[PDB]
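J.: show me the folded form of this:
(chains A, B, C and D, ligands or ions: 3)
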Amino acid sequence: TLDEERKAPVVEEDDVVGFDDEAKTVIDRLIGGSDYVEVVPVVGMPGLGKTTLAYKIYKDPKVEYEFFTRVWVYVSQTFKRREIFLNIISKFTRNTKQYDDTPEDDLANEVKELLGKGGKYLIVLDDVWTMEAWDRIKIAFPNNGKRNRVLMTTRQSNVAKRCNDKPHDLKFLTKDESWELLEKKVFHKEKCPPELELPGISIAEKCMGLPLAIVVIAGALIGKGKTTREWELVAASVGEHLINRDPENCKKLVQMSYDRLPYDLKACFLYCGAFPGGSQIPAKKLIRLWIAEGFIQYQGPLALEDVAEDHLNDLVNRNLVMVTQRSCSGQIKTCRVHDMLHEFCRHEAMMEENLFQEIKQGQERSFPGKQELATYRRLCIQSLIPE
Amino acid sequence: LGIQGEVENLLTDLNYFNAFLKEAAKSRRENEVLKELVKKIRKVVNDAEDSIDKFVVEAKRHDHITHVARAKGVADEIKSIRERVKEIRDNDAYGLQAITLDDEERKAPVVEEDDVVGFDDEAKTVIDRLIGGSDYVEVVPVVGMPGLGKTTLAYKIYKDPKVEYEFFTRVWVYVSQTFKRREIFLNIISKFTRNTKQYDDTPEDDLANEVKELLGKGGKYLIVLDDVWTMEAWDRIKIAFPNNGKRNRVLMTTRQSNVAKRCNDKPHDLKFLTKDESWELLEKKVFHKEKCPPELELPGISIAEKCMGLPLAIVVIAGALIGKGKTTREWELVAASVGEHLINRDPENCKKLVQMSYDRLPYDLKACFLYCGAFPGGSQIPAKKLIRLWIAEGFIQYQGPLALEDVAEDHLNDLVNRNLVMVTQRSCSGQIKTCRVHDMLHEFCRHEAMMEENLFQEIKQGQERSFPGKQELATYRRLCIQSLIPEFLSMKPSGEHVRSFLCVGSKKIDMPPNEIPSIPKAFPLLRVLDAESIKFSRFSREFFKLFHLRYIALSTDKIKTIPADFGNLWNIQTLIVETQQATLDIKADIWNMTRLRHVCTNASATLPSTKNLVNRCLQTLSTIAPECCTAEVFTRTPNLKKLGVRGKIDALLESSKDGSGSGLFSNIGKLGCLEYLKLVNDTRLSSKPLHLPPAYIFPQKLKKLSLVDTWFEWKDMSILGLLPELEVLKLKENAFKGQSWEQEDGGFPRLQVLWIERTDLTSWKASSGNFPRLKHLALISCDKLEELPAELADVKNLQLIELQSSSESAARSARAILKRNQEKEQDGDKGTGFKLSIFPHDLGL
Amino acid sequence: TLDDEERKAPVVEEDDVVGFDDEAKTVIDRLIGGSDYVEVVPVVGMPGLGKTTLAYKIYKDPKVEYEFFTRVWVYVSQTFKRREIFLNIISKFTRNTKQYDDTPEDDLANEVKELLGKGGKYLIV
Amino acid sequence: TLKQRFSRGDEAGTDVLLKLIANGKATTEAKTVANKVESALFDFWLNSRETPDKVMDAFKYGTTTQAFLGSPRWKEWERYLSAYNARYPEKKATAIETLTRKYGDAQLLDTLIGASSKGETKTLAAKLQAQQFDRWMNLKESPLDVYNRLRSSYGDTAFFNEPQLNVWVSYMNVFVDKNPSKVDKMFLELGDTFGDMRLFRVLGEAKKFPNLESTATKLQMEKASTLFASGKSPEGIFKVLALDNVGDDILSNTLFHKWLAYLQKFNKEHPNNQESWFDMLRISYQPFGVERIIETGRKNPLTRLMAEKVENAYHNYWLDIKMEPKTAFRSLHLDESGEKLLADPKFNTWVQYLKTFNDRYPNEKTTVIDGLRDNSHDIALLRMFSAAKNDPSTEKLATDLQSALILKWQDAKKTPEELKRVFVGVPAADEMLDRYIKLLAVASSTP
Ligand SMILES: Nc1ncnc2c1ncn2[C@@H]1O[C@H](COP(=O)(O)OP(=O)(O)OP(=O)(O)O)[C@@H](O)[C@H]1O
Ligand SMILES: Nc1ncnc2c1ncn2[C@@H]1O[C@H](COP(=O)(O)OP(=O)(O)OP(=O)(O)O)[C@@H](O)[C@H]1O
Ligand SMILES: Nc1ncnc2c1ncn2[C@@H]1O[C@H](COP(=O)(O)OP(=O)(O)OP(=O)(O)O)[C@@H](O)[C@H]1O
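T.: Numbers count the residues shown, from 1 in each chain, chains lettered A, B, ... in the order given. Ligands and ions are numbered 1, 2, ... in the order given. Right below this line is the structure:
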């Protein structure tokens, strides 16, 4: 009833796997284009590798030679425009106490002067979350017709579209790149012994090409050891190691998007975890379930199908839900949630919120008892229904 | 009717109180009033879950006058608990205020620079590793248990003439339990330039870039990251360390082996002081430059041995000896109470350092670690016994796909990786087999689990601590008795709140017949009975009334059959009956045990009739009779991972001549989860020795095999080569018969360890295709073998072959293999680290 | 009952200001004329009408930048500090802010008077 | 009345009242009634006879102790303390004695030390630290007694490390100031309870205090004379003499000259076992401390030449460890010289270093343009060379480096289109770009 640390991310500098052609594509889009300040947004789901690609481009030999002035700015969910402009000013002059009472309006013009003294400038606005943040910060960036670029990374496609009509959606690592990344992370320079290659490959394939999951899993493999039996245990519980065992790398990164969701959209997102991991969810089926569950509360002029549809399109814009098939008219047809996000949906809904419960008898666990069913609110079941 | 509803009301209060204890345990504040509130709430919670469990078993038994009286007693007990709950809220409202609301330490530790004893060799080892290595930034993590001397060694390494001379710039960084990365970078910058005021508007990203520039102005740098606790903490700090290909070094000290492995896959585990070095430190700390008086020399070495070579314990007892004066009698008194001086009476230096690892432990790992202090100091704890005890106590809570044994084993791995538990033995596959807790941590475990959390209490008859009375037993939660069990049990003790009875003694004792039913009579709410150190001549009807029993282990020389009334304990998970009899016949309804997980015995267990329901939780059946290996029994146990067969196994391998192929061994192949299989023979009077069924009948997912006295011919070993996943094969004496051993091409695609004992082997011929993954090959007491095949020298994965009192030809072949391998290594061939050990040195040298 | 920051200055279109050419010239010509004394030209309208956009259009207009040697933008609002405004205006001319750490508010206003007066004809938004 | 209205209980002080008092005093429109309320608050505390310890907790809550001393709230606490003492003579306490009763003087010592490091609180910590020595003098504590009592919590070796050494020796000044006749025997017990090195560390800091200079120098030099005659290696004696913590002024230090003469004597008596004077300074003070030593020494004309000797050995040490010239560009702090670097004297020494590096190591030989391009952008090189060709000097270097950049452009096949877009919007770039186009055309026109 009654009533914050800025931690910029750290990414790989050496041995970036599978981004050789994505960096080449984005660098080509930075070099070419109009003579005005153009934003090149890199969009992706949490832990996809946007900052790793952005730092790979930021330190690329061609980019460094192309852009005389390169500024890395860490925007986030919360920021102060005054400290943002003073951080950028500190890149150029050391006496930053010179501007104690200078307003933000003249601070922005000061950045205009610092950036325009040379040729092109590249400014990496890392982790932009709102269009308002870009609007407030872009004052410092002058449009002096010098082919200036603003590389941007964001989880939001709607923010990316407003900065550029063709955002750069980042790729997922392939099966061989996932295995190459995990092998490098666990065994360092040495190669994987053949006894561990078979369960290790399955581990990298169950990470669904997400570099964050491969990095988190490799942390567990390093601690456990280098025996075959341990790696098959990890391969059988890849999802649990990501979320339950690691509530500081995967859980907190996903929670940065989940907590920023509206209260009504949270139940809609967690409901997508009731379907099997990796299974295709028909958008019409998902929408009709949201309305029937009562998640869509609305009394305006539009129909509930059109209101639940832009709830789903908001999830896709947030990159919490991926789209696999689109109808001929452009409407979302089939959607699928990523494996680690799906594990977050399972862990949050079953344990933290009691939204739904899985009914199964696998190897050792069995069907819930009378004491558990008395507290269950939703039952999702894949097999063994008649028994 | 309404009593069950009142149980729901109490359970709702218990959820609040359990969360209160969980939140209070996350911050050890100085508020003493909250320390007494958590102790009072914990006692009410413990007395509440005991009453609830009494209600649960009463409802299960009911679904009659005695049951009505017991139900009324439970209702009265629940009412008393409910009234005690109201007193907590009525009087301790402020105590609950302090925890539902929310809310100098970064001083580097002091370590002695001079008079460092016993680290000359370890420092030289790390220095030789820092100087060498590759050309990029390498980390050399020294790792050890609390108080081992990591910072003392790191400061010693930080100050040698060789380290100072070689490195351009050396920087000392004190990372801690909690740190701010901004302060660390500003401290490094402060050493290069004093004007750190100018970075107030400079972000940490540009601070790390500034540290990159400062360190990159010259050659090598050595950075001593002291007391790193997390994988993330190293990642966030390494961004300030440039990589310019100048053999830059980082020297990390940490209690975490898993953090050490990430930085370098070969962590430098710090050594413990020897008995000579431990005494040297104690005499240097107590008597300074003067030597120890001769009268005090004998007690002094005794207390030095009590520290088990830990410098922190030596420093702590040094202050105790200084305060206690210098007399022979006082020093001998200290040697009898070393643990008291470490923790109980010196919380200023030792206890805080131990608590740094303990308070970081997750809430589930705290009870797991404190349970390791029940076993006697210096004793060896079996890993499988420890894991099953944790599951029985309820410390392992899990709902995922893994088994509870694998989750609890991961808990043990986490404790070992935190250097809170030592590992003394490892299995062939590398799984932890036997573990031991260090002495200082054992006393900390006993202090925390007796005087703070009341986890367990020990029973002993010392100088002043006699057997506890009725009042003390009314508060005891878990009982841990080492010796004088019949004497303690003779007084007819009455502990109505005892949940565990751990006989942690080593030597077996025969329980007197008149005191056999005293354990079940004393503690009706017994959940764990670790009586494997007690021999029972007979079972009692009082044992069958321990409805809460989950772990039961007991030895016996007389009981041949487990009675049918044993099945009344439906809560039992682990069932161990270590009997010296030839056969054991389980008449108990073990199939009704829905949560049964392990059945272990040394005799040929005869399972009862299975007559739908499935025992999904059963992992181990251990040694059973061959006639009970039916397809029906294996149907009821789909998740079996270990199987054992003992006795006349010719009823298992015999061909069903009636016309079908339903031999009892074929039913074993239907177990998909089997990983380890054991066969032991008893009958040798068969007209012909048994022969193996075809390999496709074996379980395909089998990864370990063990045969005893089976008299299999060496020709039927090649069929064992058709097993796809076999990794360990072990044989005792007379498991294989014959003198000639020959192998086909291929086979054994995944074998890793082979074990042979006292066989008639004299000639051995093999091929390189049979050992693609072999690592261990022992031939204990196989002195009749002439020579090892030359193809063994070509096996890259081979690690160790050990033989004692072997033949002269075998020794000559070992010499030839060693000499040729050394010559090949001198010619550029990569060394496999193969070693040969001969004991004693009189022969073979 | 027991209830009790960042200066969010509005952001407006610097380019592509649609349909404010005639409005800008009307106010600009009104700024040129008038009495020699201090005269106010208040632009008034409903929220979000484009008052700040037109004010910034006039503020950066080439005619205004030539006519007025001193041009000051002050973001007054519902809540503001009278002291910080005079310090903000002073920071336009002299960068030494340490010498005004204890100067009273009215003396700061006196210092602002000297700065604007020497700068000739001035416009303040 | 204002407590009940502005608090629900459990306030743990009166912060809600004090923050508004500061808010009212922040403007003259409400300062008149703000001071009326503040005087009522002080009167309320005095009438209730509140403990000054409790009132300090009210002022201190919500901030660290270091910031509390640096806030006006400390001055208000002193005003409360004076009112409390004057109005209630039955029991009094000084500022430092009340402070000691809350923080033990061990935890107080590093608090005053920290306030001394913060220049904003230096003046306040000066008056508090002096009173702390006064209360130690009252209890008749010897400097050794102060060390032993505080060692139980500070550690055995803490008081011999900065900044604790300075505060501990500073109390030796106040102890001898009232007791001038027992200073000589004080150093004897210091040399008996500790080693020779631990005595030298205290002795060296004592020379910075005027009341102890005469006795400190007398003990230090005589103790040094009896150690030079021992014949031990000068490397060992250097650490014993506490020469490893003298500071940036070691070149003007009198003891350091005594060791230099001894080391030269030792070197000529052992021509086959010669020891270097530089590696001791390099090891003890690190290279960044060697740079500070060189600049501070060169600032003093009496040791300018000896400051040149250490600089020459420092740059020679660079060649021994094989540091690339592209890194010595950063090491000489040429990266922060801005533009027009060719007139900087540090540029001449860097080029001289590059000549010696290539001569001594003829495998990785790189010319000047390679070093500049590896550190500075080509745009900055165009600015630098255009700003250097117009000077009466350095024209030849500018013209040669411009040609070197022209050849370096065609090595990577840099077509003029890429150079034009990179150098967009900057002057002094088209002139060299035209020369590059004419050179590229000439090169392509040769049969
Ligand atoms: N190609 C890669 N090779 C190696 N590691 C990678 C690669 N891509 C990403 N990673 C690692 O994966 C993790 C997450 O990547 P990254 O930091 O780029 O996330 P992100 O997409 O920017 O995240 P967020 O959603 O918080 O914006 C990091 O620890 C990073 O080091
Ligand atoms: N070889 C040694 N000789 C003498 N004293 C030693 C030695 N090793 C350690 N000590 C002493 O043991 C105590 C604890 O050792 P140390 O401080 O190095 O612990 P640590 O391993 O860093 O512990 P933590 O895990 O808390 O970081 C210190 O007082 C130190 O002086
Ligand atoms: N002529 C215009 N062309 C384009 N955009 C405009 C125009 N006028 C206003 N806008 C936009 O309308 C929004 C609100 O306008 P503006 O900031 O000028 O508000 P305002 O009238 O000053 O209101 P307030 O009283 O809330 O400060 C801004 O996003 C601005 O970019």
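J.: how about the residues of the stretch 251-400 of chain D by ligand 3?
T.: With Cβ under 6 Å from any ligand atom as the criterion, the stretch 251-400 of chain D does not meet ligand 3 at any residue. Every C-beta, even on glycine, is put in place using the N, C-alpha and C of the backbone.
J.: which SS class is residue D:159?
T.: Secondary structure, DSSP: H, G, I helix; E, B strand; the rest coil: residue D:159 is helix.
J.: state the distance from it to residue A:323.
T.: Residue D:159 sits 69 Å away from residue A:323, going by Cβ to Cβ, to the nearest Å.
J.: what about those two, which has more around it?
T.: Higher neighbour count among residue D:159 and residue A:323: residue D:159, with 21 against 15, using other Cβ atoms under 10 Å in any protein chain shown.
J.: nearest spatial neighbour of that one, skipping sequence neighbours?
T.: Leaving out its chain neighbours, the residue that sits closest to residue D:159 by Cβ to Cβ, 6 or more residues apart in numbering or on different chains is residue D:168, at 5.0 Å.
J.: what's near enough to touch the one you found?
T.: With contact set as Cβ atoms under 8 Å, 6 or more residues apart in numbering or on different chains, residue D:168 has these partners: D:143, D:146-147, D:159, D:202.
J.: and it, what element?
T.: In this assignment (DSSP states H and E), residue D:168 forms part of helix D:164-178.
J.: equivalent analysis for residue A:372, please.
T.: Residue A:372 belongs to helix A:370-373, assigned by DSSP H and E.
J.: and the contacts of that helix?
T.: The contact list for helix A:370-373 (Cβ under 8 Å, 6+ apart) reads residue A:357.
J.: pull the distance from the very next helix or strand once past that helix to the chain's centre.
T.: Later in the chain than helix A:370-373, the nearest helix or strand by DSSP H and E is strand A:379-381. Strand A:379-381 has its average C-alpha position 28 Å from the chain's average C-alpha position, going by Cα atoms, centre = their mean, to the nearest Å.
J.: quickly run through the sheet partners of strand A:379-381, with directions.
T.: Sheet pairing of strand A:379-381 (DSSP bridges) gives strand A:357-359 (parallel).
J.: pretty sure residue D:395 contacts residue D:389?
T.: Yes: Residue D:395 is within contact range of residue D:389, at 5.5 Å (criterion: Cβ atoms under 8 Å).
J.: and those two? Which one has more around it.
T.: Shown here are residue D:395 and residue D:389; by other Cβ under 10 Å, residue D:389 has more neighbours (17 against 14).
J.: show the contacting residues for the more buried one.
T.: Residues in contact with residue D:389, defined by Cβ under 8 Å, 6+ apart, are D:395, D:398-399, D:402.
J.: with adjacent residues omitted, what lies nearest to the residue of chain D found nearest chain B?
T.: Minimum separation of chain D from chain B (Cβ to the nearest Cβ) falls at residue D:155, amounting to 3.4 Å. Distance criterion Cβ to Cβ, 6+ apart; nearest residue to residue D:155, sequence neighbours excluded, is residue B:110 at 3.4 Å.
J.: so residue D:332 touches residue D:351, yeah?
T.: No: under the criterion of Cβ under 8 Å, residue D:332 makes no contact with residue D:351, lying 10.6 Å away.
J.: okay, the two: which has more neighbours?
T.: Legend: neighbour count by other Cβ under 10 Å for residue D:332 and residue D:351, higher for residue D:332 (19 against 16).
J.: quick one, phi/psi of the more buried one?
T.: Main-chain dihedrals, residue D:332, degrees, to the nearest 10: phi -70, psi 10.
J.: any idea how far it lies from residue D:323?
T.: Counting by Cβ to Cβ, the gap from residue D:332 to residue D:323 is 11 Å.
J.: I figured residue D:186 hits residue D:176, correct?
T.: Yes: under the criterion of Cβ under 8 Å, residue D:186 makes contact with residue D:176 at 7.5 Å.
J.: can you give me phi and psi for residue A:273?
T.: Per-residue torsions, residue A:273: phi -80, psi -10 (degrees, to the nearest 10).
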